[PDB]
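Structure first, then comments.
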Amino acid sequence: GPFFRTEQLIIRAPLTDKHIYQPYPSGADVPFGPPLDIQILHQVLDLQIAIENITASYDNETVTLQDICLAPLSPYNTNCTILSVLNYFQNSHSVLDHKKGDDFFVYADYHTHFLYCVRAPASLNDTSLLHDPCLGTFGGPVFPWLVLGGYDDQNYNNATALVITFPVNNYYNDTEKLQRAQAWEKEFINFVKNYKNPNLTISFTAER
Amino acid sequence: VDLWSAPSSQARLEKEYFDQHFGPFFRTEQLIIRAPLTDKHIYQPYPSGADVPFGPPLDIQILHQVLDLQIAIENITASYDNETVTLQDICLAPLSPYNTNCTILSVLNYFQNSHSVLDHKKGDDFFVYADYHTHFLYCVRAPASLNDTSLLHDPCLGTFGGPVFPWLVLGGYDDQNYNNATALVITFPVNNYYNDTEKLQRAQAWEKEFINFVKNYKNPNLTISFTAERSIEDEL
Amino acid sequence: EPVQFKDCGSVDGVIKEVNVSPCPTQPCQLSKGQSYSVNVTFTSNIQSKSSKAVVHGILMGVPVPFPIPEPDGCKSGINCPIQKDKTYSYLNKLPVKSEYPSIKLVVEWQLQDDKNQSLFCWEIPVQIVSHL
Amino acid sequence: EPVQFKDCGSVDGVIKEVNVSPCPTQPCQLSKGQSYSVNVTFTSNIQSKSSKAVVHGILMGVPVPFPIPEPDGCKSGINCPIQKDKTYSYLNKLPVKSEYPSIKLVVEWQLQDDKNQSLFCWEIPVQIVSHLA
Ligand SMILES: CC(C)CCC[C@@H](C)[C@H]1CC[C@H]2[C@@H]3CC=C4C[C@@H](OS(=O)(=O)O)CC[C@]4(C)[C@H]3CC[C@]12C
Ligand SMILES: CC(C)CCC[C@@H](C)[C@H]1CC[C@H]2[C@@H]3CC=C4C[C@@H](OS(=O)(=O)O)CC[C@]4(C)[C@H]3CC[C@]12C
Ligand SMILES: *[C@@H]1O[C@H](CO)[C@@H](O)[C@H](O)[C@H]1NC(C)=O
Ligand SMILES: *[C@@H]1O[C@H](CO)[C@@H](O)[C@H](O)[C@H]1NC(C)=O
Ligand SMILES: *[C@@H]1O[C@H](CO)[C@@H](O)[C@H](O)[C@H]1NC(C)=O
Ligand SMILES: *[C@@H]1O[C@H](CO)[C@@H](O)[C@H](O)[C@H]1NC(C)=O
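Chains as they are written, first to last, in the numbering used here: chain A, 109 to 316; chain B, 7 to 242; chain C, 391 to 522; chain D, -15 to 117.
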């Protein structure tokens, strides 16, 4: 329930079209929605990283997302919990671009990894040539219905919107931590409100 | 004779064709990018060695965002004569059809305009032995090299088959210490089309959408200047 | 149109061009029940009395032999005997049948000479598609 | 401060905490001519009469032995004999000297018992610095 402030983003790709994944060497075509385009995913990834790098100032000290976010594995895994489809690739450009094939056709890429991870989001290893993990960076699974929208039934590949959620710890017995998170939220609102990319339509919500 | 030398001789031939066919004239679509909210950083080699300073725009996140803008610009499509006009229809790509990649003069082409090549690292469980710092430091001294001499083994040539010389894609550095650059220069050369006014009109119709797209692009981490060949004929 | 190709080991010759028609976009799309033409221009480095064409379809890294109607290159637009430094254009035309599957694969084409060595060897990406 | 560590095979014990001080940022930055303390809390799964501390510096994957003044672990905060299922804290303090080379390396620390097997085996990243970063 509560005790968790949500900084949320809804991202769509108006200037990008759906495309078809065709498995090698044959098989049924699999459609993929506009925001599941590889370049869109790279841009969204860099926006997410940028948000992770936002710094505010409170009480003569600097405040980063790491200082207010939900890090359930602290202090050995200090990675902030980020609910995002990019976390299926550990928020890594490298894992996102990871692909395998011969010199002519791709046998496995981010398409197959996506198809596997949405069915087993807690898997530490997909059962493909990639051997990549599905688990998020924060040590927990990212469920597909929380990071994708607009898809039909449970065909998550037909998603038309991406949902990126930064949960930060909420407090009722510590006004200082609340005001700190509120200052960071101010910097976050300024940043996202001054970010313009013709390939991305972005809706932002803080805990105003 | 030596059948192992086929890719090397062939790549040498592609390089020769490119520099033989680059030409002195083309339409220039240019960007000058700086990083206001990013400070310089220091690269320390493993296991030891002199520290190398790196300018603000050479931060890894800045380079990723700039690469995003570059790929997006390469994806700009315009409309003209009830027909679509992509950058590839008008870009200077000498090695076509064998190599259809558009010529892009940019530091990102030291990494073949790939996020993965940019994030390529090698090391033990704790320290990195080689990353984009070592690759950048190598390629600016040997731009035409087919491989760096490091654990990465990554090429320096930039996607169109030819070298990127550092003084063309970097600004604000001291002497020839390219790592101290404070500005990135990204150049898109477009064919002139002297005796074909139709494809010239297609080129200008793409240039207007380039100007509009870059005008509508705002990133708080970047300050972006941009010029197009169209700005000259638009006024005087 | 001239298509991109990988040389799989032409020891006794140098490929000048591999022209597949019609193939507007690459990898070449082969509509079922429809004939396509191949024209290989190469330069021979030796003199040979015969030439035998061999075709394989590579799937999952494994070559699958494909018999053609006529394997003799002397009846395929080449003036035998093959002379050194001369340039030739091997010609052929094959129909995509409806029995073929809708798969992606790599077509490998060789032309062997007297010593059973490759005057040319090339591979191109091909996808047999359905017109339905 | 509790630092991150890699377990190099603690057979006869379970590491609970590796504490290096002062180390505000990791990999631990060691200034020349200083002193740093290590405090390893672990749980022994075996009984043992003795315990010997063994330290290696791993450079480019090669372990290089580093003699420490007091290798006997029973004189470093551990009350020998060591009892099974009991928690212990190994303590030590070493100076970073000026003639040590300023270099990045991996510090491997183990504590052997009667069977010459590791009650704990851990390794952390360390950088001897001529200037901080
Ligand atoms: C230049 C180009 C246009 C030539 C086109 C030649 C094509 C039509 C031929 C050459 C090589 C052929 C393949 C070789 C090998 C196979 C495997 C075979 O699989 S099997 O199940 O029948 O054993 C099916 C036919 C198939 C795909 C053939 C299709 C037909 C095939 C692609
Ligand atoms: C608190 C703890 C985690 C750190 C304190 C211990 C440090 C200061 C010690 C442990 C392990 C030590 C290294 C072991 C091994 C070496 C290799 C040696 O190289 S050699 O070729 O000269 O023998 C130089 C000294 C050096 C780097 C030592 C420096 C000093 C060294 C890092
Ligand atoms: C095959 O290609 C060569 C070289 O382009 C050309 O000279 C020749 O006419 C072509 N053959 C046919 C039958 O078109
Ligand atoms: C000819 O050489 C090919 C290799 O290019 C080999 O596969 C084939 O078996 C050989 N045939 C004969 C009859 O030697
Ligand atoms: C060593 O660390 C443990 C970990 O909790 C602590 O209980 C103990 O008091 C420490 N000892 C010293 C001497 O600092
Ligand atoms: C004890 O074991 C270690 C490895 O666990 C080995 O390196 C050493 O040689 C052994 N003998 C000793 C320390 O006498």
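Ideal Cβ placement from N, Cα and C applies to all residues, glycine included.
- Look at the beta carbons and you see the region 58 to 65 of chain B not touching the region 138 to 155 of chain A: under three pairs across the two are nearer than 8 Å.
- For a Cβ distance threshold of 7 Å, residue set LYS396 of chain C lies close to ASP211 (chain A), ordered along the chain.
- Residues of the region 112 to 136 of chain A with a C-beta less than 8 Å from any C-beta of chain C: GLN130, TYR132, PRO133 and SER134, listed in chain order.
- At least one CB of chain C lies nearer than 9 Å to the CB of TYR104 (chain B).
- In chain order, the residues positioned with their C-beta nearer than 6 Å to some heavy atom of ligand 3 are C:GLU407, C:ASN409, C:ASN429, C:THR431, C:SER479 and C:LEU481.
- For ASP397 (chain C), the pairing in a beta bridge is given by DSSP as C:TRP512.
- Under the three-state reduction of DSSP output, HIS127 (chain A) falls in the strand class.
- Two segments are said to touch when three or more pairs of C-beta atoms, one from each, lie closer than 8 Å; by this definition the region 172 to 179 of chain A touches the region 187 to 207 of chain A.
- The DSSP-derived three-state label of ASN482 (chain C) is strand.
- Just measuring C-alpha positions, the residue of B:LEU9, B:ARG236, B:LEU19 and B:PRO53 sitting nearest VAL113 (chain D) is B:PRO53.
- In this structure, the CA atom of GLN10 (chain D) is about 19 Å from the CA atom of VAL171 (chain A).
- DSSP, reduced to helix, strand and coil, places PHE232 (chain B) within a strand of the structure shown.
- At a cut-off of 9 Å between beta-carbon atoms, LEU14 (chain D) makes no contact with chain B.
- At least 9 Å separates the CB of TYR279 (chain A) from every CB of chain B.
- In the three-state scheme derived from DSSP, where H, G and I count as helix and E and B as strand, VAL171 (chain A) is classed as strand.
- For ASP25 (chain B), no Cβ of chain A is located within less than 9 Å of the residue's own Cβ.
- The secondary-structure analysis by DSSP pairs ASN183 (chain B) across a beta bridge with B:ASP180.
- Chain B has no Cβ within less than 9 Å of the Cβ of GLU498 (chain C).
- Within chain A, the C-beta atoms nearer than 8 Å to that of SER120 (chain B) come from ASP205, in chain order.
- Within 10 angstroms of the beta-carbon of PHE194 (chain B) lie 16 or more other beta-carbons, which makes it buried.
- Any Cβ of chain A closer than 9 Å to the Cβ of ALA78 (chain B) would place that residue at the interface, and such an atom is present.
- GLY423 (chain C) has a beta carbon lying at 9 Å or more from every beta carbon in chain A.
- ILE108 (chain D) places its beta carbon less than 9 Å from that of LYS(-10) (chain D).
- Note on geometry: alpha-carbon atoms of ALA443 (chain C) and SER492 (chain C) lie some 25 Å from one another.
- By the 16-neighbour rule on beta-carbons within 10 angstroms, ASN100 (chain D) is exposed.
- Of the other Cβ atoms in all chains shown, 16 or more fall within 10 Å of the Cβ of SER28 (chain D); this residue is therefore buried.
- Closer than 8 Å to some heavy atom of ligand 1: that describes the Cβ of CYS418 (chain C).
- A check of alpha carbon separations from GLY109 (chain A) across A:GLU284, A:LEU232, A:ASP167 and A:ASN278 identifies A:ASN278 as the nearest.
- With a beta-carbon spacing of about 6 Å, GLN394 (chain C) and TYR104 (chain B) fall inside the 8 Å limit used to define contacts.
- Counting along the chain, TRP93 (chain D) sits inside the beta strand (DSSP E) bounded by residues 88 to 96.
- Taking 8 Å as the cut-off between beta carbons, the residues of the region 43 to 56 of chain D near chain B are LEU43, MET44 and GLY45, in sequence order.
- Burial state of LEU9 (chain B) is exposed, judged by a 10 Å Cβ sphere holding fewer than 16 other Cβ atoms.
- Following the DSSP letters along the chain, one finds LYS205 (chain B) inside the alpha helix (DSSP H) bounded by residues 203 to 221.
- Following the DSSP letters along the chain, one finds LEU190 (chain B) inside the beta strand (DSSP E) bounded by residues 189 to 196.
- Residue burial annotation: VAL91 (chain D) is buried, with at least 16 other C-beta atoms found within 10 angstroms of its C-beta.
- Within the region 481 to 508 of chain C, contact with chain A at the beta-carbon level (separation under 7 Å) is assigned to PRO491, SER492, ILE493, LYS494, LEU495 and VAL496.
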